[PDB]
Each structure stands twice: as C-alpha cells, then as structure tokens.
Amino acid sequence: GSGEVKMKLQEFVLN
Amino acid sequence: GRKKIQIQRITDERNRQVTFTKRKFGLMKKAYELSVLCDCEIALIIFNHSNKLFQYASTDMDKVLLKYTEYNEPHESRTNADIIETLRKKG
Amino acid sequence: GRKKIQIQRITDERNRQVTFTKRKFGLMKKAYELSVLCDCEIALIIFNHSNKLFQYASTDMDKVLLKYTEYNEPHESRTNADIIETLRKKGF
DNA sequence: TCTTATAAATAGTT
DNA sequence: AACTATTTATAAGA
C-alpha cells in the first residue's frame, strides 16, 4: 500500500 | 570526459536531458554497487526540472520509507552545502 | 582502483566499513553534481548493514519527502533487479 | 589520512 | 545511439 506508506511518511515528517 | 565541465546549470535543454539520463543511470549504478558490496538498503528520490519523479530502491522503496519513519534522528545528515565544503578542503 | 573488484558482498568487516564511507561520499557527490547540472531535487536514504541511517538532500530532505507524498505514482521506479537488467542489455 | 596506480564514468564528437 | 579520449572514482598501500 504505497498510499498508506506515503500517508505515514506524511504524518511523520509533518509532526 | 573529453573536457572538464563546471558544476553549473546546463541551459541547453537537450544537453541537460542527455546528461540527466546518463548521470541518473550512473548514480543508480553506484547505489546498486554500494548496496551489494556493503550489504545496505538504499532509496533515491529525484525530481527533474519538469518535476517528474524518478525513484530507485535497492530492494523496496516502501519498506525503506517505512523504516525511515521509525528513526527520530538521522545518524548522519548531509546537503549540497556539506559536499561543497568537503570539496573545498580538497581544492 | 589498484584492482578490479567484483560486485559482491565484502566479508572483511574493516574493508566493508572503509569502502562504505568512501563510496557513500562518492554517491553523494554524484547526486550533488546531478542536482546542479540538471536542476534536480534529490533525497537519498542509506541504511548500512547495522541499520544506521545516513541521509543526503540536495537542499531539504523534508521538502522532498513531502513532495514525494503528493505525487500519486512515480514516472519511473527502479530496483537492483532493473539495474542488473540494464547492465546485461548494455553488454560490454 | 594520504597517495597512487588503476578502474570506471562521461563530454564531446560522431 | 557509437565511440573514445579524458576526467573522475577508488582499492590497495602507506
């Protein structure tokens, strides 16, 4: 699930 | 190469695309070699002038990204500035 | 080099560490040159054998990851398999 | 870390 | 797409 990986990456970097 | 070039933006669109493809392959090939020689996992993200995304991963980009998020801190972090400085100290 | 090496795992721990530091610099330097010559934004993530994290970004690792997440799909996606294949085709 | 001999990448023609 | 002289990278030594 690249969309999940991208969304987890998004939340990490942003936080 | 037949002549030394300066590290500066290539303005000729065609020269840029040709260099881009050659050097992109060269960089991925070095990454391939490093990953095998020293048992490493590597991910590369490239956005060209036209903002088209190119990516490479020794094995799995997603896994590498997932792993990245589990580290609060990079064990080493460099930018162009860092590389430019290292080169200065060596001419 | 003083000799051709085969592209194969290095077993001597110290040889591995030395090669690693050297080629890592060499990888980042190629990325630097590409990013300037061709106006690319680049991020690179390396986990060495002990899963230490090393990273490089032309300008900003955070910007580039954030950009990546906004793109639905890559225009090109390569792996070691693909690189091996290109080499086979390229021949000698 | 440095040096260096040598292997490998590549800029410029082709 | 090719080729190759030339630049660059690096393995082994020190």
# chains A, B, ... in the order shown; residues from 1 in each chain; ligands from 1
$ residues_around --residues "residue 67 in chain C" --least-positions-apart "3" --cutoff "12 Å" --atoms "only C-alpha atoms (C1' of nucleotides)" --output "ChimeraX atom specification"
/A:6-7,9-10,13-14 /B:45-47,51-53 /C:41-43,60-64,70-74
$ interface_residues --of "chain B" --to "chain C" --cutoff "8 Å" --atoms "only C-alpha atoms" --output "PyMOL selection string"
chain B and resi 7-10+16-17+19-20+23-24+27-34+36-49+52-60+64+68+71+74-80+83
$ interface_residues --of "chain D" --to "chain C" --cutoff "7 Å" --atoms "only C-alpha atoms (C1' of nucleotides)" --output "ChimeraX atom specification"
/D:5-7
$ write_last_selection --atoms "N, CA, C and O atoms (P, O5', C5', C4', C3', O3' and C1' of nucleotides)" --output "short mmCIF file (atom, residue, chain, number, x, y, z; two decimals), in the first residue's frame"
data_model
loop_
_atom_site.label_atom_id
_atom_site.label_comp_id
_atom_site.auth_asym_id
_atom_site.auth_seq_id
_atom_site.Cartn_x
_atom_site.Cartn_y
_atom_site.Cartn_z
P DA D 5 51.79 5.65 -9.16
"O5'" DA D 5 51.61 4.19 -9.80
"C5'" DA D 5 51.54 3.04 -8.91
"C4'" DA D 5 50.26 2.29 -9.18
"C3'" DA D 5 49.99 1.98 -10.65
"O3'" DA D 5 49.62 0.59 -10.74
"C1'" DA D 5 48.11 3.06 -9.70
P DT D 6 49.44 0.02 -12.23
"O5'" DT D 6 47.84 -0.01 -12.38
"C5'" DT D 6 47.08 -0.53 -11.28
"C4'" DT D 6 45.63 -0.21 -11.50
"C3'" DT D 6 45.09 -0.42 -12.93
"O3'" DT D 6 44.18 -1.50 -12.86
"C1'" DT D 6 44.29 1.61 -11.92
P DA D 7 43.22 -1.93 -14.09
"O5'" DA D 7 41.82 -1.32 -13.62
"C5'" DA D 7 41.36 -1.67 -12.30
"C4'" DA D 7 40.03 -1.02 -12.05
"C3'" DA D 7 38.96 -1.30 -13.11
"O3'" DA D 7 37.72 -1.48 -12.42
"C1'" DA D 7 39.41 1.03 -13.00
#
$ closest_atom_pairs --of "chain B" --to "chain D" --cutoff "9 Å" --atoms "only C-alpha atoms (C1' of nucleotides)" --output "tab-separated table"
residue	atom	partner	partner_atom	distance
B:1	CA	D:11	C1'	4.5
B:2	CA	D:11	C1'	5.1
B:3	CA	D:11	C1'	6.0
B:4	CA	D:11	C1'	7.7
B:5	CA	D:11	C1'	8.0
B:19	CA	D:10	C1'	8.9
B:22	CA	D:10	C1'	8.1
B:23	CA	D:10	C1'	8.3
B:26	CA	D:9	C1'	7.4
$ write_last_selection --atoms "C-alpha atoms" --output "PDB file, in the first residue's frame"
ATOM      1  CA  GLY B   1      35.038  13.287 -20.339  1.00  0.00           C
ATOM      2  CA  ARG B   2      36.630  14.924 -23.404  1.00  0.00           C
ATOM      3  CA  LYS B   3      36.687  18.157 -21.370  1.00  0.00           C
ATOM      4  CA  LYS B   4      36.223  19.129 -17.739  1.00  0.00           C
ATOM      5  CA  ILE B   5      32.884  20.872 -17.116  1.00  0.00           C
ATOM      6  CA  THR B  19      23.386  14.432 -19.216  1.00  0.00           C
ATOM      7  CA  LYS B  22      23.456   9.302 -18.386  1.00  0.00           C
ATOM      8  CA  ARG B  23      24.234  10.591 -14.870  1.00  0.00           C
ATOM      9  CA  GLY B  26      25.467   6.351 -13.242  1.00  0.00           C
TER      10      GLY B  26
END
$ select_by_dssp --residues "chain B" --states "strand (DSSP E or B)" --output "PyMOL selection string"
chain B and resi 41-47+53-57+76-79
$ write_last_selection --atoms "N, CA and C atoms" --output "PDB file, in the first residue's frame"
ATOM      1  N   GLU B  41      20.673  -0.975   2.424  1.00  0.00           N
ATOM      2  CA  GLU B  41      19.347  -0.749   1.792  1.00  0.00           C
ATOM      3  C   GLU B  41      19.321   0.725   1.393  1.00  0.00           C
ATOM      4  N   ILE B  42      18.982   1.034   0.141  1.00  0.00           N
ATOM      5  CA  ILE B  42      19.116   2.406  -0.327  1.00  0.00           C
ATOM      6  C   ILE B  42      17.867   2.824  -1.105  1.00  0.00           C
ATOM      7  N   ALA B  43      17.422   4.070  -0.892  1.00  0.00           N
ATOM      8  CA  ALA B  43      16.330   4.667  -1.640  1.00  0.00           C
ATOM      9  C   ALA B  43      16.781   6.018  -2.195  1.00  0.00           C
ATOM     10  N   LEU B  44      16.426   6.280  -3.460  1.00  0.00           N
ATOM     11  CA  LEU B  44      16.787   7.525  -4.113  1.00  0.00           C
ATOM     12  C   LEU B  44      15.523   8.170  -4.674  1.00  0.00           C
ATOM     13  N   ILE B  45      15.325   9.468  -4.397  1.00  0.00           N
ATOM     14  CA  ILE B  45      14.219  10.230  -4.957  1.00  0.00           C
ATOM     15  C   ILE B  45      14.779  11.393  -5.779  1.00  0.00           C
ATOM     16  N   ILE B  46      14.356  11.506  -7.046  1.00  0.00           N
ATOM     17  CA  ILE B  46      14.805  12.565  -7.941  1.00  0.00           C
ATOM     18  C   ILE B  46      13.590  13.248  -8.565  1.00  0.00           C
ATOM     19  N   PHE B  47      13.492  14.581  -8.400  1.00  0.00           N
ATOM     20  CA  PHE B  47      12.569  15.412  -9.176  1.00  0.00           C
ATOM     21  C   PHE B  47      13.373  16.226 -10.175  1.00  0.00           C
ATOM     22  N   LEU B  53       8.921  12.735 -11.134  1.00  0.00           N
ATOM     23  CA  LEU B  53       9.524  11.923 -10.085  1.00  0.00           C
ATOM     24  C   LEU B  53      10.176  10.683 -10.689  1.00  0.00           C
ATOM     25  N   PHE B  54      11.453  10.430 -10.350  1.00  0.00           N
ATOM     26  CA  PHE B  54      12.162   9.185 -10.614  1.00  0.00           C
ATOM     27  C   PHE B  54      12.626   8.617  -9.273  1.00  0.00           C
ATOM     28  N   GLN B  55      12.471   7.298  -9.110  1.00  0.00           N
ATOM     29  CA  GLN B  55      12.869   6.685  -7.852  1.00  0.00           C
ATOM     30  C   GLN B  55      13.614   5.375  -8.102  1.00  0.00           C
ATOM     31  N   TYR B  56      14.480   5.039  -7.143  1.00  0.00           N
ATOM     32  CA  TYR B  56      15.234   3.796  -7.120  1.00  0.00           C
ATOM     33  C   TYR B  56      15.274   3.298  -5.679  1.00  0.00           C
ATOM     34  N   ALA B  57      15.238   1.967  -5.516  1.00  0.00           N
ATOM     35  CA  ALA B  57      15.409   1.312  -4.228  1.00  0.00           C
ATOM     36  C   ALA B  57      16.147   0.003  -4.465  1.00  0.00           C
ATOM     37  N   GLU B  76      23.545  10.442  10.313  1.00  0.00           N
ATOM     38  CA  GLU B  76      24.323  11.444   9.595  1.00  0.00           C
ATOM     39  C   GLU B  76      23.378  12.101   8.587  1.00  0.00           C
ATOM     40  N   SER B  77      23.531  13.417   8.386  1.00  0.00           N
ATOM     41  CA  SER B  77      22.673  14.186   7.501  1.00  0.00           C
ATOM     42  C   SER B  77      23.523  15.205   6.735  1.00  0.00           C
ATOM     43  N   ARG B  78      23.589  15.058   5.396  1.00  0.00           N
ATOM     44  CA  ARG B  78      24.337  15.976   4.546  1.00  0.00           C
ATOM     45  C   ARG B  78      23.405  16.645   3.535  1.00  0.00           C
ATOM     46  N   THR B  79      23.832  17.838   3.084  1.00  0.00           N
ATOM     47  CA  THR B  79      23.218  18.564   1.983  1.00  0.00           C
ATOM     48  C   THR B  79      24.310  18.980   0.994  1.00  0.00           C
TER      49      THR B  79
END
$ atom_distance --atom1 "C1' of residue 12 in chain E" --atom2 "CA of residue 14 in chain C"
13.2 Å
$ atom_distance --atom1 "CA of residue 25 in chain B" --atom2 "CA of residue 3 in chain A"
26.8 Å
$ atom_distance --atom1 "CA of residue 85 in chain C" --atom2 "CA of residue 65 in chain B"
24.2 Å
$ interface_residues --of "chain E" --to "chain B" --cutoff "12 Å" --atoms "only C-alpha atoms (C1' of nucleotides)" --output "PyMOL selection string"
chain E and resi 1+3-10
$ write_last_selection --atoms "N, CA and C atoms (P, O5', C5', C4', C3', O3' and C1' of nucleotides)" --output "short mmCIF file (atom, residue, chain, number, x, y, z; two decimals), in the first residue's frame"
data_model
loop_
_atom_site.label_atom_id
_atom_site.label_comp_id
_atom_site.auth_asym_id
_atom_site.auth_seq_id
_atom_site.Cartn_x
_atom_site.Cartn_y
_atom_site.Cartn_z
P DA E 1 18.83 3.55 -31.53
"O5'" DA E 1 18.58 4.07 -30.03
"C5'" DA E 1 19.73 4.35 -29.18
"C4'" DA E 1 20.99 4.13 -29.98
"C3'" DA E 1 22.17 3.58 -29.17
"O3'" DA E 1 22.93 2.67 -29.96
"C1'" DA E 1 22.80 5.54 -30.21
P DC E 3 30.05 1.41 -30.55
"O5'" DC E 3 31.17 2.57 -30.49
"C5'" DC E 3 31.61 3.17 -31.73
"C4'" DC E 3 32.59 4.29 -31.45
"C3'" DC E 3 33.79 3.89 -30.60
"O3'" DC E 3 34.98 4.41 -31.20
"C1'" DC E 3 32.72 5.76 -29.65
P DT E 4 36.37 3.71 -30.79
"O5'" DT E 4 37.04 4.81 -29.82
"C5'" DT E 4 37.06 6.19 -30.30
"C4'" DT E 4 37.59 7.10 -29.23
"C3'" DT E 4 38.62 6.48 -28.28
"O3'" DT E 4 39.52 7.48 -27.81
"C1'" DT E 4 36.83 7.31 -27.04
P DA E 5 40.93 7.50 -28.57
"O5'" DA E 5 41.54 8.84 -27.92
"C5'" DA E 5 41.08 10.09 -28.46
"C4'" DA E 5 40.70 11.00 -27.31
"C3'" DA E 5 41.80 11.29 -26.28
"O3'" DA E 5 41.75 12.70 -26.04
"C1'" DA E 5 39.87 10.48 -25.20
P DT E 6 42.93 13.32 -25.15
"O5'" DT E 6 42.16 13.61 -23.77
"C5'" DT E 6 40.80 14.10 -23.84
"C4'" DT E 6 40.17 14.05 -22.47
"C3'" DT E 6 41.14 14.26 -21.30
"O3'" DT E 6 40.78 15.49 -20.67
"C1'" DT E 6 39.64 12.43 -20.90
P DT E 7 41.51 15.78 -19.26
"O5'" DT E 7 40.35 15.40 -18.21
"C5'" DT E 7 39.01 15.88 -18.48
"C4'" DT E 7 38.05 15.27 -17.48
"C3'" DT E 7 38.39 15.52 -16.01
"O3'" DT E 7 37.21 15.91 -15.32
"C1'" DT E 7 38.15 13.20 -16.40
P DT E 8 37.44 16.15 -13.75
"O5'" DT E 8 36.96 14.76 -13.09
"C5'" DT E 8 35.68 14.22 -13.49
"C4'" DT E 8 35.41 12.93 -12.77
"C3'" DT E 8 35.65 12.95 -11.26
"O3'" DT E 8 34.50 12.39 -10.63
"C1'" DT E 8 36.76 11.11 -12.23
P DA E 9 34.63 12.14 -9.05
"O5'" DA E 9 34.89 10.55 -8.96
"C5'" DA E 9 33.90 9.66 -9.52
"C4'" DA E 9 34.28 8.22 -9.23
"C3'" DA E 9 34.41 7.86 -7.75
"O3'" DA E 9 33.89 6.55 -7.56
"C1'" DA E 9 36.48 7.49 -8.86
P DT E 10 33.63 6.05 -6.05
"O5'" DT E 10 34.96 5.19 -5.81
"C5'" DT E 10 35.11 3.97 -6.56
"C4'" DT E 10 36.49 3.40 -6.33
"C3'" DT E 10 36.89 3.12 -4.87
"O3'" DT E 10 37.56 1.85 -4.83
"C1'" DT E 10 38.59 4.27 -5.94
#
$ select_by_dssp --residues "chain B" --states "alpha helix (DSSP H)" --output "ChimeraX atom specification"
/B:13-37,61-68,80-88
